[PDB]
Each structure stands twice: as structure tokens, then as C-alpha cells.
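Visitor: fold the following and give me the result.
(one chain, ligands or ions: 1)
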Amino acid sequence: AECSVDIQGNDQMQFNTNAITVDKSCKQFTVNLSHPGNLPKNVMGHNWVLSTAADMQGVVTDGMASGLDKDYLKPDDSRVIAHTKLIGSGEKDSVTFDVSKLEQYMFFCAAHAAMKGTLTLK
Ligand SMILES: [Cu+]
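Guide: Residues are numbered from 1 along each chain as shown. See the structure here:
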């Protein structure tokens, strides 16, 4: 089994996939986020955030209200299963989470909530 994925967010405000699979045998899963291109984090920074699909809009609403100071996520939001730091070009971050926390899930960038995709156990 594959229990990690590499994902990119670029200067064009897009991730390089819209779908992540978590093998049903994994007990931990690691997301390795990178940022090809050239724009720094104060221009085009990205993160990677995981919630249920049903919770995504509420996470984004409360994150918007929390603002830039908090990477557009409400601190300690119970609906956020895992998230990375905000990265700019040439930077990287990885997050690992317990698969026991996984229903339909989605990932998104809190800076650019249009950047999104699905995560599913398979
Ligand atoms: Cu972003």
C-alpha cells in the first residue's frame, strides 16, 4: 500500500490533483505539500486542509472571519482533521494524520478556497 501522497500548489492558484486516495490498510497517512513556481508566501502562499465535504464551507466561513493572522483557519477548529503550514515558492511542508479520524472528505487551501479536491478511503 501507498500511505502518502505528494501534492503541489503553484503560482497559478491550483493544486496538481483533485483527488487523493487513502488505502484502507493505512493507519497513518502523510501529505507532502510543495510549491513549484516563484511567488513567495505573502503573494501566493498555499496550505492543505482536510475536513468532511459537509464541513468545508463552515470551516472556510469561520476561517475567513479569523483572517490572515490565522492562515484563514479558526484556531483549534474541531472540523479540521489535519492541515499544513502556509508555504511559498520553493518551500515545503508535510503533515501526517491518523486514518482512524476517517464519509466524504475534501481537501482545500484555506488561502484560496477554490483550490480543492476529494480524499477518500479505498
Ligand atoms: Cu492557496
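Visitor: beyond the helix of greatest length in the chain, next helix or strand please.
Guide: Using DSSP state H, we find that the single longest helix of the chain is helix 53-66. Counting by DSSP states H and E, the next helix or strand C-terminal to helix 53-66 is strand 82-83.
Visitor: that next one near the ion anywhere?
Guide: No - judged by C-beta under 5 Å from the ion, strand 82-83 stays clear of the ion, getting no closer than 12.2 Å. In this view, the C-beta of every residue, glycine as well, is placed from N, C-alpha and C.
Visitor: who in this structure is up against the ion?
Guide: So the chain meets the ion at 46, 109, 111, 112, 115 (C-beta under 5 Å from the ion).
Visitor: max pairwise distance over the residues you listed: which two?
Guide: 111 and 115 (8.2 Å; C-beta to C-beta).
Visitor: shared neighbours, these two?
Guide: residue 46 (C-beta atoms under 8 Å, 6 or more residues apart in numbering).
Visitor: what's the burial count for residue 29?
Guide: 24 (other C-beta atoms under 10 Å).
Visitor: wait, what's in contact with it?
Guide: 3, 4, 5, 22, 96, 97, 99.
Visitor: if anything else comes up later, I'll come back, but that's it for now.
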